[PDB]
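# this one is an experimental structure. Sequence first:
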Amino acid sequence: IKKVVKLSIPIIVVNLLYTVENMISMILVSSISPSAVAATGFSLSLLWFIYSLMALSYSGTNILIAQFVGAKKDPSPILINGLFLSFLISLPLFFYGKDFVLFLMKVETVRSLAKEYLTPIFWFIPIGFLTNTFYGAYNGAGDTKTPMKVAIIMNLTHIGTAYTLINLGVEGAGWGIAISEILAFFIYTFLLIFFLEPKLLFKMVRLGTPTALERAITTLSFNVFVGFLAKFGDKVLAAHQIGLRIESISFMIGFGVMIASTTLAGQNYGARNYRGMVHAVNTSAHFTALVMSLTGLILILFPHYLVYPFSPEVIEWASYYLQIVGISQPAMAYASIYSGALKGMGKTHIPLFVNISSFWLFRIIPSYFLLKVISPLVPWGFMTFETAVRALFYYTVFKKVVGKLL
């Protein structure tokens, strides 16, 4: 009856582009010197700790622009302050990005290879933060295909510039990244020839700081979860990335649907139309529930038919993942639609408490007590469905917010 796929599908393609290009950055820098992947791998773990500050300017911009779009009000002050906020947040990371990543290798030449590969990035993260503001800008207004063809261009300009500059060695890998980042920025900046007070900038920090603490603390909860499964040999530890690469790609359906709701619940919140918002997230819940069920069920019925690409013991252990995580997919559908609908409703502090509570005292503490007494099916077990409930039964929070908001 509605048009949520109009917003979610192009965002998933950008995410599909986000994941396809990251996996290509694996093979483009794994041709010569196999010891250089440690530079690539150990960078993104710190990059995801670094790119936790994106949400500071991203969430503040994606939410406040969407709310103003539904409210018909002018989003130009939010746009000019969004890029300014990202530019302010990029100012310390410009200088403190060079030495902090080099020191955060404690987790003589194993780390010196990332020095040359990451430096062209740290020169143009200030040019990167602005595009993360631009992505939240178009995602807040509704026009979600303009950021896709920009992603398409940026994806194919990198893989072009990467393969060109690698085949410099590893510095051209980071240089293919920076060239595409600034290019899409120039594309975006050139698109501003076609289509302000401090108090507004002050509030965007109030919407980004809880969301920046979400993707930053989650990094600490992820680093220990994989650390649970080193005591189970190499067959299992080599079955995670076979399961993650399949799940991280299958998870982009919700992340896109999430932002599809971060805008849709945002515009209708600003338009004073509770008939337009409660129906959407309810239908976008059932729609993604029935969609992610077609995805997660295909994982369970066809295990080896999907692990086989990069796989017999590993076929056995990885199938016990796809089948097992494939059960939580109906709740990831119910997850990204809830904790993303309350982002668009200005209550960004609420999803902060959601994921901290679901991850920790449901996925982690129960695993460590049952892993030290049992098997890699123990974490994955409580990792799947068993946590999904805190993503499921938290509609209550949604259903007690609006039910009293009327």
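Thanks, I have the structure now. Numbers count the residues shown, from 1 in each chain.

# what is the helix or strand harbouring residue 323 packed up against?
Residue 323 belongs to helix 313-325 when assigned by DSSP states H and E. Judged by 3 or more CB pairs under 8 Å, 6 or more residues apart in numbering; DSSP states H and E, helix 313-325 is in contact with helix 233-250, helix 274-301, helix 304-307, helix 377-383. C-betas here are computed from N, CA, C, even on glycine.

# may I have the phi/psi pair for the closest residue to residue 278 other than its chain neighbours?
Sequence neighbours aside, residue 402 is the residue nearest to residue 278 in space, at 5.9 Å (criterion: CB to CB, 6 or more residues apart in numbering). Dihedral pair for residue 402: phi -80, psi -40, per degrees, to the nearest 10.

# what do you get for residue 193?
Per-residue torsions, residue 193: phi -90, psi 0 (degrees, to the nearest 10).

# roughly how far does residue 36 sit from residue 117?
Distance check for residue 36 against residue 117: by CB to CB, to the nearest Å, it reads 8 Å.

# please disregard the earlier target; I meant residue 275.
Distance of residue 275 to residue 117, computed by CB to CB: 52 Å.

# comparing those two, which residue is more hemmed in?
Between residue 275 and residue 117, counted using other CB atoms under 10 Å, residue 117 has the larger neighbour count: 23 against 8.

# would you confirm that that one contacts residue 170?
Yes. Between residue 117 and residue 170 there is a contact under CB atoms under 8 Å: 4.3 Å.

# so what sits against both of these two?
Counting by CB atoms under 8 Å, 6 or more residues apart in numbering, the shared contacts of residue 117 and residue 170 are 29, 36, 39.

# and after the helix or strand encompassing the last one, which helix or strand comes next?
Remark: residue 39 resides in helix 37-50, with elements defined by DSSP H and E. Heading C-terminal from helix 37-50, the first helix or strand you meet, by DSSP H and E, is helix 54-70.

# quick one: list the elements packing against that following helix.
Helices and strands touching helix 54-70, by 3+ CB pairs under 8 Å, 6+ apart, are helix 76-103, helix 126-141, helix 198-227, helix 252-270.

# C-alpha coordinates for it, CSV please?
Taking Å, rounded to 0.1, in the frame of the first residue of the first chain, the C-alpha atoms of helix 54-70 are listed here in CSV:
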residue,chain,number,x,y,z
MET,A,54,30.5,9.8,11.6
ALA,A,55,27.1,9.3,13.3
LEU,A,56,27.8,12.5,15.3
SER,A,57,27.3,14.6,12.1
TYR,A,58,25.4,11.8,10.2
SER,A,59,22.6,11.2,12.7
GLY,A,60,22.2,14.8,13.6
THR,A,61,21.9,15.7,9.9
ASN,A,62,19.8,12.7,8.7
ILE,A,63,17.3,13.2,11.4
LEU,A,64,16.9,17.0,11.6
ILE,A,65,16.8,17.3,7.8
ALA,A,66,14.2,14.6,7.6
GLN,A,67,12.1,16.2,10.3
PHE,A,68,12.3,19.6,8.6
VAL,A,69,11.4,18.0,5.2
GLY,A,70,8.2,16.6,6.6
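
# pull out the buried residues from that helix.
By neighbour count on 16 or more other CB atoms under 10 Å, the buried set for helix 54-70 is 54-70.

# swap in stretch 235-253?
Result for stretch 235-253 [16+ other CB under 10 Å]: buried residues 236, 239-240, 242-243, 245-248, 250-253.

# ok, stretch 339-356 next?
339-348, 350-352, 354-355.

# what about that stretch, how long is it end to end?
By CA to CA, to the nearest Å, the extent of stretch 339-356 from end to end equals 12 Å.

# is it true that the residue nearest to residue 278 touches residue 274?
Yes. Applying CB under 8 Å as the test, residue 402 and residue 274 come out as touching, 6.8 Å apart.

# distance-wise, check the residue nearest to residue 321 when sequence neighbours are not counted relative to residue 43.
Sequence neighbours aside, residue 243 is the residue nearest to residue 321 in space, at 3.7 Å (criterion: CB to CB, 6+ apart). Separation of residue 243 from residue 43 (CB to CB) stands at 22 Å.

# again with residue 36
From residue 36 to residue 43 the distance is 11 Å (CB to CB).

# again with residue 170
For residue 170, the distance to residue 43 equals 10 Å [CB to CB].

# ditto for residue 390
Taken as CB to CB, the span from residue 390 to residue 43 is 31 Å.

# quick one: which of the shared contacts of residue 117 and residue 170 is the most crowded by neighbours?
residue 29 (25 neighbours).

# now that residue, what are its backbone angles?
Dihedral angles (degrees, to the nearest 10) for residue 29: phi -110, psi 10.

# surely it is in contact with residue 36?
Yes. Between residue 29 and residue 36 there is a contact at 6.1 Å, judged by CB under 8 Å.

# need the residues touching each of the two.
Residues touching both residue 29 and residue 36 comprise 117, 170, with contact defined as CB under 8 Å, 6+ apart.

# ok, the residue nearest in space to the middle of the chain - contacts?
The geometric centre of the chain, computed from its C-alpha atoms, lies nearest to residue 255 (CA atoms, centre = their mean), at 6.8 Å. By CB under 8 Å, 6+ apart, residue 255 lies in contact with 11, 12, 15, 336.

# residue 128 touches residue 181, doesn't it?
Yes. Between residue 128 and residue 181 a contact is recorded at 4.7 Å, counting by CB under 8 Å.

# measure the closest residue to residue 29 other than its chain neighbours to residue 119 for me?
Nearest residue to residue 29, sequence neighbours excluded (CB to CB, 6+ apart): residue 173, at 4.6 Å. For residue 173, the distance to residue 119 equals 11 Å [CB to CB].

# more neighbours, the two?
residue 173 (27 against 17).

# quick check: that one touching residue 26?
No. Contact criterion CB under 8 Å: residue 173 and residue 26 do not qualify, at 10.4 Å.
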